[PDB]
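Before any questions on how it binds or moves, here is one chain, the form deposited in one PDB entry, in structure tokens.
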């Protein structure tokens, strides 16, 4: 696929690098508002490519117009979290970015899939889609999903490959582990020595903890989001707990649920969850819709 990267900070570089070395990206165009940053990143990539024999076309640029004719456009441009902040605290800052980008990108990338990475991720995806009128998805709870699998595997001292399942609903701190999907070698997680609250808590806290020590999350979400790109680019049909757009009281919202990710996106698999999980996903919709409306008014308090 041809993939545009809007944002070449820590997470944008990690995602682009990981997606490029995985072989899923035939051509990439990497943009950033910071002078020379994308350009120097391009050189980094070429140097890396030489050792691997990678021939992917890469352009690092400060010119937004170079992001044209892409299949997928990955948006990580935004303020990141500082210790002590919630993700939703960023709404007003980063929504202005999305509003601006929504004016500019569409005419150059008609029919592209837009992949939101910038936080608060689900909200950003809704804002971007509202303004751009372009099909937009959010990395959503796919990162949470993998964090959950890896914690459970570490806890039982089993390979992560023995664990299956997803995290879903609202993003981050408000996500829910979808326990009816969670299986260990095919068996319900109940059959195991697993404290469900300890799993949820690790998932919600570990990014905050990475931020406090390292300064931001990189390798994990970078790899994970790149795999979303790869599933689209190779048409692999991986079920991923991304957030796809839904209509709710005539407003576009984004909420996560296991979703088939291929050259085409969908369907989402919420209808196949157990009752409790389906109730949590309905709930997540109502809560998201309420918090997002509030946030839109508070932004409308521009003047």
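Residue numbers count along the first chain shown, from 1. Take the two forms, find the largest set of C-alpha atoms that superpose within 1.5 Å, and that set is the rigid core.
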Next item on the list: Return whichever of 156 to 164 and 83 to 91 has the greater mean Cα B factor according to the PDB record.
Entry: 83 to 91
Item checked: 221 to 229 versus 179 to 187 - which carries the larger mean C-alpha B factor in the record -> 179 to 187
Notebook entry, point to check: With respect to the C-alpha temperature factors reported in the PDB entry, which of 271, 61, 241, 263 ranks highest?
Noted result: 271
Notebook entry, point to check: What third of its chain's C-alpha B-factors does residue 236 belong to: lowest, middle or highest?
Noted result: lowest
Check: Taking the entry's C-alpha B-factors for this chain, is residue 78 in the lowest, middle or highest third?
Finding: highest
Notebook entry, point to check: Considering only modelled residues of the same chain, in which third does the CA B-factor of residue 30 rank: lowest, middle or highest?
Noted result: lowest
Check: Ranked by Cα temperature factor within the chain, is residue 146 in the lowest third, the middle third or the highest third?
Finding: lowest
Next item on the list: Taking the chain's C-alpha temperature factors as the reference, tell me which third residue 172 falls into: lowest, middle or highest.
Entry: highest
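Absent from the display: the form deposited in another entry. The rest refers to it.
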Check: With the two forms aligned on the rigid core, which of the residues 198, 173, 89, 164 moves its CA by 2 Å or more between this form and the one not shown?
Finding: 89
Note to self: Comparing against this form, do residue 83 and residue 289 have their CA atoms pulled together or pushed apart in that other deposited form? The difference is 3 Å or more.
What the structure shows: closer
Check: Knowing the Cα distance between residue 290 and residue 87 changes 3 Å or more in that other deposited form, does it shrink or grow relative to here?
Finding: closer
